[PDB]
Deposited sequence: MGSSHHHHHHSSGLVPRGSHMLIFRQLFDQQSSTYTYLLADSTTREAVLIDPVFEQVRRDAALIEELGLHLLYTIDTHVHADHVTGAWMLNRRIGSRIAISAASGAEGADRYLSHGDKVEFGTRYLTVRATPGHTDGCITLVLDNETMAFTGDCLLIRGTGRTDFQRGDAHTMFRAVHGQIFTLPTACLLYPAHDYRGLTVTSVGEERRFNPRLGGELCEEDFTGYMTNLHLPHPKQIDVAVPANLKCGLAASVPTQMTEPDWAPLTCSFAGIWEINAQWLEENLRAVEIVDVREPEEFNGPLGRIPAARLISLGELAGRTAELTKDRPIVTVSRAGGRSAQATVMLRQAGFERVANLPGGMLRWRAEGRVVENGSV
């Protein structure tokens, strides 16, 4: 009913595109092809957008990366969805041709598009302005057809029957690109795809694919068994969360209840430290511009929380401390301003 929230995310290691969709009317969301290494990033992004993740959806059983479907299920309670035809065990919902994956007022429709694997699906947005083609159709290309259940004939018929029948202007988002491309469309691939577009026939395409010899994915021996189980098999010195920017944040309530358990490093200027906002009791003053050169005064025996006026300069303090070998470091988000606004203890205030 209202605007669609859409985010394309890239995993540099496997060149995988993850896709986040959500209805802004209800903030309910789905996530297509989440990457295991990217679980903290993806979950942080969902949190910062105020979203509720109903489903992870895997287009097929991947050979190049372990999916995040299980880790996200465990951590934020999202449901695992994958095709029935893929044969993976441990999912909450098996998908078949014509299934409708709802999120709020919006939905995706499932189209079976095997060829790369016999479980590949393509997800079509309700208004058919975009679709997610997994490794079936790629940007000016296709998925490989040469391992296990791969079949070039099946892929050709899938692309022509299920994808080239979408609207001409419909955008197509693939699970991978290796040249820095992000999207294509039905019209472009139908006309310019060099393997099965234009006037190429089924025989032309299969002859191409039977002579395409690509190295196996680097993670193949690890990923496919892991993904047949939907991705089955973390600082704990304080309750920590990692922001989308990548900064480790401490829970302020826990910090006030355990100030003796940590070293508190105030990176403000000397005037701010003795100034009207006050300081957190027992806070060590090492101004940010002095911090890098004085890291030998802090002990690795005890974790370190950085504080500044509003949490900005202290976030940068965490990066400097990590680059100097410190591991148990965290930022106090919102800084002295939020500490005071939440009525927490300060010395020398006003």
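As a test: can you identify every run of the deposited sequence that has no C-alpha position in this structure, in order?
Unobserved in coordinates, per deposited numbering: 1 to 18, 252 to 259, 377.
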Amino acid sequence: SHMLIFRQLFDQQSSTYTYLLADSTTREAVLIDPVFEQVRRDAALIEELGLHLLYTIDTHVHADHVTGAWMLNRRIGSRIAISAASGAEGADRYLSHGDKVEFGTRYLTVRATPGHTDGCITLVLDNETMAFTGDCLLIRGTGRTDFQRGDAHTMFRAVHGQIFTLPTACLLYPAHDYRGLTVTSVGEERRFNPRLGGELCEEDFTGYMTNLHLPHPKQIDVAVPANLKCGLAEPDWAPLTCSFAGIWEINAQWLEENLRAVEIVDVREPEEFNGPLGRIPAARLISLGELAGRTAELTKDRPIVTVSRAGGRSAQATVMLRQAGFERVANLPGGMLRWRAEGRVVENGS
From here on, numbers count along this sequence of modelled residues.
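Which is higher on mean Cα B factor in this entry, 276 to 284 or 177 to 185?
The entry gives the higher C-alpha B-factor average to 276 to 284.
Take the C-alpha B-factors listed in the entry for 11 to 19 and for 325 to 333, compute each mean, and give the stretch with the larger one.
Of 325 to 333 and 11 to 19, the stretch with the higher C-alpha B-factor average is 325 to 333.
Of the options 169, 123, 201, 212, which has the highest CA B factor as deposited?
Of 169, 123, 201, 212, 212 has the highest C-alpha B-factor.
Residue with highest C-alpha B-factor in the PDB entry, from 143, 194, 270, 104
By C-alpha B-factor in the record, 270 ranks first.
Quick check on the deposited entry: does the C-alpha B-factor of residue 290 sit in the lowest, middle or highest third of its chain?
CA B-factor rank for residue 290: highest third.
Residue 68 by Cα B-factor - lowest, middle or highest third of the modelled chain:
It belongs to the middle third of the chain when residues are ordered by C-alpha B-factor.
Relative to the other modelled residues of the same chain, rank the CA B-factor of residue 4 and answer lowest, middle or highest third.
It belongs to the middle third of the chain when residues are ordered by C-alpha B-factor.
Lowest, middle or highest third: which one holds residue 297 when the chain's residues are ordered by CA B-factor from the entry?
Residue 297: CA B-factor falls in the highest third of its chain.
Record-listed C-alpha B factor of residue 304: chain third:
For residue 304, whose C-alpha B-factor we compare with every modelled residue in the chain, the answer is the highest third.
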